[PDB]
>>> print(open('work_37.csv').read())   # CSV, C-alpha atoms and all ligand atoms
chain,number,residue,atom,x,y,z
C,1,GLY,CA,93.2,95.5,112.0
C,2,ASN,CA,96.0,98.2,111.8
C,3,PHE,CA,94.3,100.9,113.9
C,4,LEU,CA,96.4,103.8,115.0
C,5,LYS,CA,93.9,104.9,117.6
C,6,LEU,CA,91.3,102.8,119.4
C,7,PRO,CA,88.7,104.3,121.9
C,8,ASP,CA,89.1,103.3,125.5
C,9,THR,CA,85.8,101.4,125.6
C,10,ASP,CA,84.8,97.8,126.2
C,11,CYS,CA,81.6,96.8,124.5
C,12,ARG,CA,81.6,93.3,125.8
C,13,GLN,CA,81.4,94.6,129.4
C,14,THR,CA,78.9,97.3,128.6
C,15,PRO,CA,77.1,96.7,125.2
C,16,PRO,CA,76.0,100.1,123.9
C,17,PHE,CA,72.5,100.6,122.6
C,18,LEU,CA,73.6,103.2,120.2
C,19,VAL,CA,77.0,104.0,118.8
C,20,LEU,CA,77.5,107.3,116.9
C,21,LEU,CA,80.4,107.3,114.4
C,22,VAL,CA,81.1,110.9,113.3
C,23,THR,CA,83.1,111.8,110.3
C,24,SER,CA,85.2,115.0,110.4
C,25,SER,CA,88.5,116.4,109.1
C,26,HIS,CA,91.5,117.0,111.5
C,27,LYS,CA,91.0,120.8,111.3
C,28,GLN,CA,87.3,120.5,112.3
C,29,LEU,CA,88.1,120.4,116.1
C,30,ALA,CA,85.3,123.0,116.6
C,31,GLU,CA,82.8,120.6,115.1
C,32,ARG,CA,83.9,117.8,117.3
C,33,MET,CA,83.9,119.9,120.5
C,34,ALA,CA,80.4,121.2,119.8
C,35,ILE,CA,79.2,117.6,119.3
C,36,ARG,CA,81.0,116.4,122.5
C,37,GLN,CA,79.1,119.2,124.4
C,38,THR,CA,75.8,118.4,122.7
C,39,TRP,CA,74.3,115.2,121.1
C,40,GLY,CA,77.6,113.3,121.5
C,41,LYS,CA,77.7,113.5,125.3
C,42,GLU,CA,77.8,109.9,126.4
C,43,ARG,CA,74.7,109.2,128.7
C,44,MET,CA,71.9,106.8,129.4
C,45,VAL,CA,68.9,107.5,127.2
C,46,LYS,CA,65.8,105.8,128.5
C,47,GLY,CA,68.2,103.4,130.3
C,48,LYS,CA,70.1,102.7,127.0
C,49,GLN,CA,73.8,103.4,126.7
C,50,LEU,CA,74.9,106.0,124.0
C,51,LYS,CA,78.6,106.0,122.9
C,52,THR,CA,80.2,108.5,120.5
C,53,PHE,CA,83.4,108.2,118.5
C,54,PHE,CA,85.1,110.3,115.8
C,55,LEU,CA,86.5,108.7,112.6
C,56,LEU,CA,89.8,110.2,111.4
C,57,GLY,CA,92.4,109.3,108.9
C,58,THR,CA,95.9,110.7,108.7
C,59,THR,CA,97.3,114.0,107.2
C,60,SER,CA,100.5,115.3,105.8
C,61,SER,CA,100.4,118.3,108.2
C,62,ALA,CA,102.6,117.5,111.3
C,63,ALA,CA,100.8,120.2,113.2
C,64,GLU,CA,97.4,118.6,112.6
C,65,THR,CA,98.9,115.2,113.4
C,66,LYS,CA,100.1,116.5,116.8
C,67,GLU,CA,96.8,118.2,117.5
C,68,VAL,CA,94.9,115.0,116.9
C,69,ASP,CA,97.3,113.0,118.9
C,70,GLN,CA,96.7,115.3,121.9
C,71,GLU,CA,92.9,115.3,121.3
C,72,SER,CA,92.9,111.4,121.5
C,73,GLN,CA,94.9,111.6,124.8
C,74,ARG,CA,92.4,114.1,126.3
C,75,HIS,CA,89.1,112.5,124.9
C,76,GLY,CA,89.9,108.9,124.1
C,77,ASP,CA,87.1,108.8,121.5
C,78,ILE,CA,89.0,108.8,118.2
C,79,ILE,CA,89.1,105.8,115.8
C,80,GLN,CA,92.0,106.2,113.4
C,81,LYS,CA,93.7,104.3,110.6
C,82,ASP,CA,96.5,105.3,108.3
C,83,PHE,CA,94.8,106.6,105.2
C,84,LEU,CA,95.0,110.1,103.7
C,85,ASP,CA,91.9,111.9,105.2
C,86,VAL,CA,90.4,113.7,102.2
C,87,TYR,CA,86.8,113.9,100.8
C,88,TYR,CA,87.6,111.3,98.0
C,89,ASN,CA,88.7,108.9,100.7
C,90,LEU,CA,85.4,109.0,102.7
C,91,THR,CA,84.7,105.4,101.6
C,92,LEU,CA,87.8,104.2,103.5
C,93,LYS,CA,86.7,106.3,106.5
C,94,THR,CA,83.3,104.7,106.5
C,95,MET,CA,84.7,101.3,106.1
C,96,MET,CA,87.1,102.0,109.0
C,97,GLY,CA,84.1,102.7,111.2
C,98,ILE,CA,82.3,99.7,110.1
C,99,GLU,CA,85.4,97.6,110.7
C,100,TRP,CA,85.7,99.0,114.2
C,101,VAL,CA,82.2,98.0,115.0
C,102,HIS,CA,82.8,94.5,113.6
C,103,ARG,CA,86.1,93.9,115.4
C,104,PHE,CA,85.6,95.8,118.7
C,105,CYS,CA,81.9,96.5,119.2
C,106,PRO,CA,79.7,93.7,117.7
C,107,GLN,CA,77.5,94.1,120.8
C,108,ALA,CA,76.2,97.4,119.7
C,109,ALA,CA,72.4,97.2,119.1
C,110,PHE,CA,72.5,100.1,116.6
C,111,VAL,CA,75.1,102.2,114.9
C,112,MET,CA,74.6,105.7,113.4
C,113,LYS,CA,77.2,107.0,110.9
C,114,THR,CA,76.8,110.8,110.8
C,115,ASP,CA,78.5,113.9,109.6
C,116,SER,CA,79.9,116.8,111.6
C,117,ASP,CA,77.5,119.6,110.3
C,118,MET,CA,74.5,117.9,111.9
C,119,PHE,CA,71.9,118.0,114.7
C,120,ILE,CA,71.0,114.6,116.0
C,121,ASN,CA,68.0,114.0,118.3
C,122,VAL,CA,69.3,110.8,120.1
C,123,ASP,CA,66.3,110.8,122.4
C,124,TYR,CA,63.7,110.6,119.6
C,125,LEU,CA,65.9,108.2,117.6
C,126,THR,CA,66.2,105.8,120.6
C,127,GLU,CA,62.4,106.0,121.1
C,128,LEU,CA,61.8,105.2,117.4
C,129,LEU,CA,64.3,102.3,117.4
C,130,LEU,CA,62.9,100.8,120.5
C,131,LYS,CA,59.5,101.0,118.8
C,132,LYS,CA,60.6,99.5,115.4
C,133,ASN,CA,61.1,95.9,116.8
C,134,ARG,CA,63.9,95.5,114.2
C,135,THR,CA,67.1,94.2,115.7
C,136,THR,CA,68.8,92.5,112.7
C,137,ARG,CA,69.5,93.3,109.1
C,138,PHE,CA,68.1,96.8,109.7
C,139,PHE,CA,69.1,99.9,107.8
C,140,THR,CA,67.4,103.3,107.7
C,141,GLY,CA,67.9,107.0,107.1
C,142,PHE,CA,66.9,109.3,104.3
C,143,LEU,CA,66.2,106.8,101.6
C,144,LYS,CA,67.4,107.6,98.0
C,145,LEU,CA,65.8,105.0,95.8
C,146,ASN,CA,66.0,106.3,92.2
C,147,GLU,CA,69.4,108.0,92.1
C,148,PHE,CA,71.3,108.7,88.9
C,149,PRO,CA,75.1,109.1,88.8
C,150,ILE,CA,76.1,112.8,88.5
C,151,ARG,CA,78.0,113.1,85.2
C,152,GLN,CA,78.7,116.9,85.5
C,153,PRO,CA,82.6,117.0,85.4
C,154,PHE,CA,83.2,119.8,88.0
C,155,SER,CA,80.5,118.7,90.6
C,156,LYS,CA,81.7,117.4,94.0
C,157,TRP,CA,79.7,114.1,93.4
C,158,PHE,CA,80.9,113.7,89.8
C,159,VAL,CA,81.7,110.0,88.9
C,160,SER,CA,83.1,109.1,85.5
C,161,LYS,CA,81.7,106.2,83.6
C,162,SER,CA,84.9,104.3,84.4
C,163,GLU,CA,84.4,105.0,88.1
C,164,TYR,CA,80.7,104.0,88.0
C,165,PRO,CA,79.6,102.6,84.6
C,166,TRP,CA,75.9,102.1,85.1
C,167,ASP,CA,72.8,104.4,84.6
C,168,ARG,CA,71.4,104.1,88.1
C,169,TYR,CA,72.9,103.7,91.6
C,170,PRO,CA,71.6,101.0,93.9
C,171,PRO,CA,69.2,102.0,96.7
C,172,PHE,CA,71.1,103.9,99.4
C,173,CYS,CA,70.6,106.3,102.3
C,174,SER,CA,72.2,109.8,102.5
C,175,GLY,CA,75.6,109.8,104.3
C,176,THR,CA,74.5,112.7,106.4
C,177,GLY,CA,73.1,110.2,108.9
C,178,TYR,CA,72.3,106.5,108.4
C,179,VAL,CA,71.4,103.9,111.1
C,180,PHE,CA,71.9,100.2,111.1
C,181,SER,CA,71.6,97.3,113.5
C,182,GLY,CA,75.0,96.3,114.7
C,183,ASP,CA,75.1,92.9,112.9
C,184,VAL,CA,75.0,94.8,109.6
C,185,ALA,CA,78.5,96.1,110.3
C,186,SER,CA,80.0,92.6,110.1
C,187,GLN,CA,78.1,91.5,106.9
C,188,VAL,CA,79.3,94.7,105.1
C,189,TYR,CA,83.0,94.4,106.2
C,190,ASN,CA,82.8,90.8,104.9
C,191,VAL,CA,81.4,91.5,101.3
C,192,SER,CA,83.2,94.9,101.1
C,193,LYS,CA,86.2,93.5,99.3
C,194,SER,CA,84.1,91.8,96.6
C,195,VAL,CA,81.7,94.8,95.9
C,196,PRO,CA,82.8,97.3,93.2
C,197,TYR,CA,84.6,100.3,94.8
C,198,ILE,CA,83.1,103.8,94.5
C,199,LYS,CA,84.5,106.9,96.2
C,200,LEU,CA,81.0,108.0,97.4
C,201,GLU,CA,80.7,106.2,100.7
C,202,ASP,CA,76.9,106.2,100.9
C,203,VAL,CA,76.6,104.6,97.4
C,204,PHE,CA,79.3,102.1,98.3
C,205,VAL,CA,77.4,101.0,101.5
C,206,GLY,CA,74.3,100.7,99.3
C,207,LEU,CA,76.1,98.4,96.9
C,208,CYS,CA,77.1,96.2,99.9
C,209,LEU,CA,73.6,96.1,101.3
C,210,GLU,CA,72.3,95.2,97.9
C,211,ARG,CA,74.8,92.3,97.7
C,212,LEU,CA,73.6,91.2,101.2
C,213,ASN,CA,69.9,91.4,100.2
C,214,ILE,CA,69.3,93.9,103.1
C,215,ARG,CA,66.4,96.1,102.2
C,216,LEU,CA,66.2,99.8,103.2
C,217,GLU,CA,63.3,100.8,105.4
C,218,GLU,CA,61.8,104.1,106.6
C,219,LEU,CA,62.3,104.6,110.3
C,220,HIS,CA,58.9,106.1,110.9
C,221,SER,CA,55.6,107.0,109.2
C,222,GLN,CA,56.8,110.6,109.2
C,223,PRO,CA,60.1,111.9,107.8
C,224,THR,CA,62.9,112.1,110.4
C,225,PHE,CA,66.1,112.6,108.4
C,226,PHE,CA,66.6,115.9,106.6
C,227,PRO,CA,69.8,116.0,104.4
C,228,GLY,CA,68.3,119.3,103.0
C,229,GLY,CA,68.2,121.0,106.3
C,230,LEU,CA,65.2,122.5,108.1
C,231,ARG,CA,63.8,125.8,109.5
C,232,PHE,CA,64.5,125.5,113.2
C,233,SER,CA,61.8,125.3,115.9
C,234,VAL,CA,61.9,123.6,119.3
C,235,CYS,CA,58.7,121.7,118.6
C,236,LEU,CA,59.9,120.4,115.2
C,237,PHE,CA,63.3,119.5,116.4
C,238,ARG,CA,61.8,117.4,119.2
C,239,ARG,CA,60.2,115.1,116.6
C,240,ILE,CA,63.1,114.6,114.1
C,241,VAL,CA,66.2,112.4,114.2
C,242,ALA,CA,68.7,114.3,112.0
C,243,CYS,CA,69.1,117.7,110.4
C,244,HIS,CA,72.0,118.8,108.1
C,245,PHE,CA,73.4,122.3,107.2
C,246,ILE,CA,74.2,123.0,110.9
C,247,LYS,CA,77.4,124.8,111.9
C,248,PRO,CA,79.1,124.5,115.3
C,249,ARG,CA,77.7,127.7,116.9
C,250,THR,CA,74.2,127.0,115.5
C,251,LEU,CA,74.4,123.4,117.1
C,252,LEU,CA,75.2,125.0,120.5
C,253,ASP,CA,72.4,127.6,120.0
C,254,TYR,CA,69.9,124.8,119.1
C,255,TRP,CA,71.0,122.6,121.9
C,256,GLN,CA,70.7,125.5,124.3
C,257,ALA,CA,67.2,126.2,122.9
C,258,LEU,CA,66.1,122.6,123.6
C,259,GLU,CA,67.5,122.8,127.1
C,260,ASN,CA,65.8,126.2,127.7
C,261,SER,CA,62.4,124.9,126.6
C,262,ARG,CA,62.5,121.5,128.3
C,263,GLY,CA,59.3,121.0,130.3
C,264,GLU,CA,57.3,123.2,127.9
C,265,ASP,CA,54.7,121.4,126.0
C,266,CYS,CA,54.3,121.3,122.2
C,267,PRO,CA,51.0,121.2,120.2
Y,1,LIG,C1,73.4,115.4,100.8
Y,1,LIG,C2,73.3,114.2,99.9
Y,1,LIG,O1,72.5,113.4,99.9
Y,1,LIG,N1,74.3,114.1,99.0
Y,1,LIG,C3,74.3,113.1,97.9
Y,1,LIG,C4,74.2,113.7,96.6
Y,1,LIG,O2,72.6,114.0,96.8
Y,1,LIG,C5,72.2,115.0,95.8
Y,1,LIG,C6,71.7,114.2,94.6
Y,1,LIG,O3,70.6,113.4,95.0
Y,1,LIG,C7,71.2,115.2,93.5
Y,1,LIG,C8,70.6,114.5,92.3
Y,1,LIG,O4,69.4,115.2,91.8
Y,1,LIG,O5,70.1,116.0,94.1
Y,1,LIG,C9,70.6,116.8,95.2
Y,1,LIG,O6,71.5,117.7,94.8
Y,1,LIG,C10,71.3,118.8,94.0
Y,1,LIG,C11,72.1,118.8,92.8
Y,1,LIG,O7,71.9,117.7,92.0
Y,1,LIG,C12,73.6,118.8,93.2
Y,1,LIG,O8,74.5,118.8,92.1
Y,1,LIG,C13,73.9,120.0,94.1
Y,1,LIG,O9,75.2,120.0,94.6
Y,1,LIG,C14,75.9,121.2,94.4
Y,1,LIG,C15,75.8,121.6,92.9
Y,1,LIG,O10,76.5,120.7,92.1
Y,1,LIG,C16,76.3,123.0,92.7
Y,1,LIG,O11,76.0,123.5,91.4
Y,1,LIG,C17,75.8,124.0,93.8
Y,1,LIG,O12,76.5,125.2,93.6
Y,1,LIG,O13,76.0,123.5,95.1
Y,1,LIG,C18,75.4,122.3,95.3
Y,1,LIG,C19,75.7,121.9,96.8
Y,1,LIG,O14,77.1,121.8,97.0
Y,1,LIG,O15,72.9,120.1,95.2
Y,1,LIG,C20,71.6,120.1,94.8
Y,1,LIG,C21,70.8,120.1,96.1
Y,1,LIG,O16,71.5,119.7,97.2
Y,1,LIG,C22,71.1,115.9,96.3
Y,1,LIG,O17,71.6,116.7,97.4
Y,1,LIG,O18,74.2,112.7,95.6
Y,1,LIG,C23,75.4,112.0,95.6
Y,1,LIG,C24,75.4,111.0,94.4
Y,1,LIG,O19,75.3,111.7,93.2
Y,1,LIG,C25,75.7,111.3,96.9
Y,1,LIG,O20,74.7,110.3,97.1
Y,1,LIG,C26,75.6,112.3,98.0
Y,1,LIG,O21,75.6,111.6,99.3
Y,2,LIG,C1,93.5,107.8,100.1
Y,2,LIG,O1,94.4,107.3,101.1
Y,2,LIG,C2,95.4,106.4,100.5
Y,2,LIG,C3,96.2,105.9,101.6
Y,2,LIG,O2,96.7,107.0,102.4
Y,2,LIG,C4,96.2,107.1,99.4
Y,2,LIG,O3,97.1,106.2,98.8
Y,2,LIG,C5,98.5,106.6,99.0
Y,2,LIG,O4,98.8,107.8,98.4
Y,2,LIG,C6,100.1,108.2,98.7
Y,2,LIG,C7,100.2,109.6,98.1
Y,2,LIG,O5,99.2,110.4,98.5
Y,2,LIG,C8,101.1,107.3,98.1
Y,2,LIG,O6,102.4,107.7,98.4
Y,2,LIG,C9,100.9,105.9,98.7
Y,2,LIG,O7,101.7,104.9,98.0
Y,2,LIG,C10,99.4,105.4,98.5
Y,2,LIG,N1,99.2,104.2,99.3
Y,2,LIG,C11,98.1,103.5,99.2
Y,2,LIG,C12,98.1,102.2,100.1
Y,2,LIG,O8,97.2,103.7,98.4
Y,2,LIG,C13,95.3,107.8,98.4
Y,2,LIG,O9,96.0,108.6,97.5
Y,2,LIG,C14,94.1,108.6,99.0
Y,2,LIG,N2,93.2,109.0,98.0
Y,2,LIG,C15,93.0,110.3,97.6
Y,2,LIG,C16,92.0,110.5,96.5
Y,2,LIG,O10,93.7,111.2,98.1
Y,3,LIG,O1,88.6,115.1,104.4
Y,3,LIG,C1,87.5,115.1,104.7
Y,3,LIG,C2,86.4,115.8,104.2
Y,3,LIG,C3,85.2,115.7,104.8
Y,3,LIG,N1,84.9,114.9,105.8
Y,3,LIG,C4,83.6,114.8,106.4
Y,3,LIG,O2,82.7,114.4,105.4
Y,3,LIG,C5,81.4,114.9,105.7
Y,3,LIG,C6,80.7,115.5,104.5
Y,3,LIG,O3,81.6,116.6,104.0
Y,3,LIG,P1,80.9,118.0,103.7
Y,3,LIG,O4,80.0,118.3,104.8
Y,3,LIG,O5,82.0,119.0,103.5
Y,3,LIG,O6,80.1,117.7,102.4
Y,3,LIG,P2,78.6,117.4,101.9
Y,3,LIG,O7,78.6,116.0,101.5
Y,3,LIG,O8,77.8,117.6,103.1
Y,3,LIG,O9,78.3,118.3,100.8
Y,3,LIG,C7,81.5,115.8,106.9
Y,3,LIG,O10,81.3,115.2,108.2
Y,3,LIG,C8,83.0,116.2,106.9
Y,3,LIG,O11,83.5,116.5,108.1
Y,3,LIG,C9,85.9,114.2,106.4
Y,3,LIG,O12,85.7,113.4,107.4
Y,3,LIG,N2,87.1,114.3,105.9
Y,4,LIG,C1,56.5,96.6,118.3
Y,4,LIG,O1,56.0,95.7,119.3
Y,4,LIG,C2,55.1,96.3,120.2
Y,4,LIG,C3,54.9,95.2,121.3
Y,4,LIG,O2,54.0,94.2,120.7
Y,4,LIG,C4,54.4,92.9,121.1
Y,4,LIG,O3,55.7,92.5,120.6
Y,4,LIG,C5,55.8,92.5,119.2
Y,4,LIG,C6,57.2,92.2,118.9
Y,4,LIG,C7,54.8,91.6,118.5
Y,4,LIG,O4,55.1,90.3,118.9
Y,4,LIG,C8,53.4,92.0,119.0
Y,4,LIG,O5,52.5,91.0,118.4
Y,4,LIG,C9,53.3,92.0,120.5
Y,4,LIG,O6,52.0,92.4,120.9
Y,4,LIG,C10,53.9,96.7,119.5
Y,4,LIG,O7,53.0,97.5,120.4
Y,4,LIG,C11,54.2,97.7,118.4
Y,4,LIG,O8,53.0,97.9,117.6
Y,4,LIG,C12,55.3,97.1,117.5
Y,4,LIG,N1,55.6,98.0,116.5
Y,4,LIG,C13,55.6,97.8,115.2
Y,4,LIG,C14,56.6,98.4,114.3
Y,4,LIG,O9,54.7,97.1,114.7
Y,5,MN,MN,77.7,117.9,105.2
>>> encode(input="work_37.csv", output="structure tokens", more="lines below")
Ligand SMILES: CC(=O)N[C@H]1[C@H](O[C@H]2[C@@H](O)[C@@H](CO)O[C@H](O[C@@H]3[C@H](O)[C@@H](O)[C@H](O[C@H]4[C@H](O)[C@@H](O)[C@H](O)O[C@@H]4CO)O[C@@H]3CO)[C@@H]2O)O[C@H](CO)[C@H](O)[C@@H]1O
Ligand SMILES: *[C@@H]1O[C@H](CO)[C@@H](O[C@@H]2O[C@H](CO)[C@@H](O)[C@H](O)[C@H]2NC(C)=O)[C@H](O)[C@H]1NC(C)=O
Ligand SMILES: O=c1ccn([C@@H]2O[C@H](COP(=O)(O)OP(=O)(O)O)[C@@H](O)[C@H]2O)c(=O)[nH]1
Ligand SMILES: *[C@@H]1O[C@H](CO[C@@H]2O[C@@H](C)[C@@H](O)[C@@H](O)[C@@H]2O)[C@@H](O)[C@H](O)[C@H]1NC(C)=O
Ligand SMILES: [Mn+2]
Amino acid sequence: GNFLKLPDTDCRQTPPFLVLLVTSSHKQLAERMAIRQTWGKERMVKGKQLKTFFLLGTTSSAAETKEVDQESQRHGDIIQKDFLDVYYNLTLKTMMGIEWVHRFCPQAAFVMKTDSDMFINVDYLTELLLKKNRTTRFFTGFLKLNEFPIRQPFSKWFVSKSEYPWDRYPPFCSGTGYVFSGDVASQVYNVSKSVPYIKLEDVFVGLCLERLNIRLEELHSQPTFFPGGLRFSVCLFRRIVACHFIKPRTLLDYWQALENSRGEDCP
């Protein structure tokens, strides 16, 4: 479907249990390298395969274009299509990832769309998913159930009435990190063209899920996704799935902390 870059992976041969799709700008190489050394490292988690890919569009900068071309050649984990990669095109970026799952990895049991300024505890996520007994039409994350369109003209999430004309948004999950069973990717790509467009990608996916009659559900009896960020501790971070507001160096320091304290017990 018009992909400029496709990861060197074969999901039919080796169906992944969890596929991470990470959004990042071309200049955010430091982010991607920190993820590649930390929670993005492909591995078997409780015998389940984890795969990690980075979603990119295109840019006017020839330098960044060449950098990203070289990165794809060294890492082979970039999914790319020809759309201008800017904040207000994040919906295209998300739909590219969903399209990739639909076309090339329908075998994925679960797919997590995540941001680059994030800590992800794949071990705990896998444990909770294996416990949920939900393999189809499943969608979870930080649930946002009574959200009102931001009508402040200079806010990053401002939508005019012509862009979104209704008083409330549909149920949706924060775009920081959301997880869905792999079949969900095909149903969304299908109805995508008939659902009203909105430039906020997490609201757009919510509109698609609503059209599909897919209901959001909490992953666990306790909160596990933290779009607002968290005060760090080893024992807390062992029992969460996702935390936002995390810069590259902090992610390496947190990952080192968890490695250093492996084998220590927590209340
Ligand atoms: C991370 C996330 O979920 N982003 C979504 C954004 O979620 C925000 C939304 O729910 C609002 C509505 O009450 O609450 C939180 O945001 C607060 C403010 O409403 C929001 O404007 C502000 O954002 C910036 C603010 O405009 C500036 O004045 C300030 O200087 O900087 C703020 C940060 O950049 O943030 C506060 C607390 O974060 C939620 O975070 O909602 C949109 C839809 O409107 C979309 O779903 C995003 O995914
Ligand atoms: C999102 O990406 C699309 C595709 O790259 C942009 O649309 C193109 O915009 C360029 C100028 O930036 C035009 O020359 C093309 O004719 C457009 N093509 C298509 C197919 O749309 C779009 O401008 C980007 N959105 C934002 C907000 O930057
Ligand atoms: O052109 C852009 C701008 C942003 N992002 C990604 O979009 C996510 C959210 O952007 P940011 O963290 O700046 O904003 P937030 O929504 O957290 O306030 C991050 O993964 C960014 O790397 C992207 O892929 N391309
Ligand atoms: C998930 O399932 C676990 C295993 O239970 C067995 O399989 C499930 C699918 C049911 O058929 C159940 O009756 C069987 O005993 C349960 O231990 C666990 O509680 C389940 N978790 C949830 C979310 O209920
Ligand atoms: Mn962010």
>>> residues_near_ligand(input="work_37.csv", ligand="ligand MN 5 (chain Y)", cutoff="9 Å", atoms="only C-alpha atoms and all ligand atoms", output="ChimeraX atom specification")
/C:115-118,175-176,227,244-246
>>> residues_around(input="work_37.csv", residues="residue 199 in chain C", least_positions_apart="3", cutoff="8 Å", atoms="only C-alpha atoms", output="VMD selection string")
chain C and resid 88 to 91 204
>>> closest_residue(input="work_37.csv", among="C:70, C:13, C:94, C:2", to="ligand LIG 3 (chain Y)", atoms="all atoms listed in the file")
C:94
>>> closest_residue(input="work_37.csv", among="C:36, C:161, C:27, C:131", to="residue 221 in chain C", atoms="only C-alpha atoms")
C:131
>>> residues_near_ligand(input="work_37.csv", ligand="ligand LIG 3 (chain Y)", cutoff="6 Å", atoms="all atoms listed in the file", output="list in words")
residues 23, 24, 25, 85, 86, 87, 115 and 116 of chain C
>>> closest_residue(input="work_37.csv", among="C:264, C:201, C:82, C:64", to="residue 114 in chain C", atoms="all atoms listed in the file")
C:201
>>> atom_distance(input="work_37.csv", atom1="atom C13 of ligand LIG 4 (chain Y)", atom2="CA of residue 133 in chain C")
6.0 Å
>>> residues_near_point(input="work_37.csv", point="(76.1, 98.3, 125.8)", cutoff="9 Å", atoms="only C-alpha atoms", output="count of residues only")
17
>>> residues_near_ligand(input="work_37.csv", ligand="ligand LIG 4 (chain Y)", cutoff="10 Å", atoms="only C-alpha atoms and all ligand atoms", output="count of residues only")
9
>>> residues_around(input="work_37.csv", residues="range 150-156 of chain C", least_positions_apart="4", cutoff="12 Å", atoms="all atoms listed in the file", output="list in words")
residues 87, 88, 160, 161, 162, 163, 164, 165, 166, 167, 168, 169, 199 and 200 of chain C
>>> write_last_selection(input="work_37.csv", atoms="C-alpha atoms", output="mmCIF file, in the frame of the given file")
data_model
loop_
_atom_site.group_PDB
_atom_site.id
_atom_site.type_symbol
_atom_site.label_atom_id
_atom_site.label_comp_id
_atom_site.auth_asym_id
_atom_site.auth_seq_id
_atom_site.Cartn_x
_atom_site.Cartn_y
_atom_site.Cartn_z
ATOM 1 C CA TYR C 87 86.800 113.900 100.800
ATOM 2 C CA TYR C 88 87.600 111.300 98.000
ATOM 3 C CA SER C 160 83.100 109.100 85.500
ATOM 4 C CA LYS C 161 81.700 106.200 83.600
ATOM 5 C CA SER C 162 84.900 104.300 84.400
ATOM 6 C CA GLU C 163 84.400 105.000 88.100
ATOM 7 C CA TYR C 164 80.700 104.000 88.000
ATOM 8 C CA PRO C 165 79.600 102.600 84.600
ATOM 9 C CA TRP C 166 75.900 102.100 85.100
ATOM 10 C CA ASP C 167 72.800 104.400 84.600
ATOM 11 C CA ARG C 168 71.400 104.100 88.100
ATOM 12 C CA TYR C 169 72.900 103.700 91.600
ATOM 13 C CA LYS C 199 84.500 106.900 96.200
ATOM 14 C CA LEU C 200 81.000 108.000 97.400
#
>>> closest_residue(input="work_37.csv", among="C:5, C:137, C:66, C:81", to="ligand LIG 2 (chain Y)", atoms="all atoms listed in the file")
C:81
>>> closest_residue(input="work_37.csv", among="C:22, C:122, C:209, C:266", to="residue 184 in chain C", atoms="only C-alpha atoms")
C:209
>>> closest_residue(input="work_37.csv", among="C:57, C:145, C:123, C:1", to="ligand LIG 2 (chain Y)", atoms="only C-alpha atoms and all ligand atoms")
C:57
>>> residues_around(input="work_37.csv", residues="range 212-218 of chain C", least_positions_apart="6", cutoff="9 Å", atoms="all atoms listed in the file", output="list in words")
residues 137, 138, 139, 140, 141, 142, 143, 171, 172, 173, 184, 187, 188, 191 and 224 of chain C
>>> atom_distance(input="work_37.csv", atom1="CA of residue 234 in chain C", atom2="CA of residue 249 in chain C")
16.5 Å
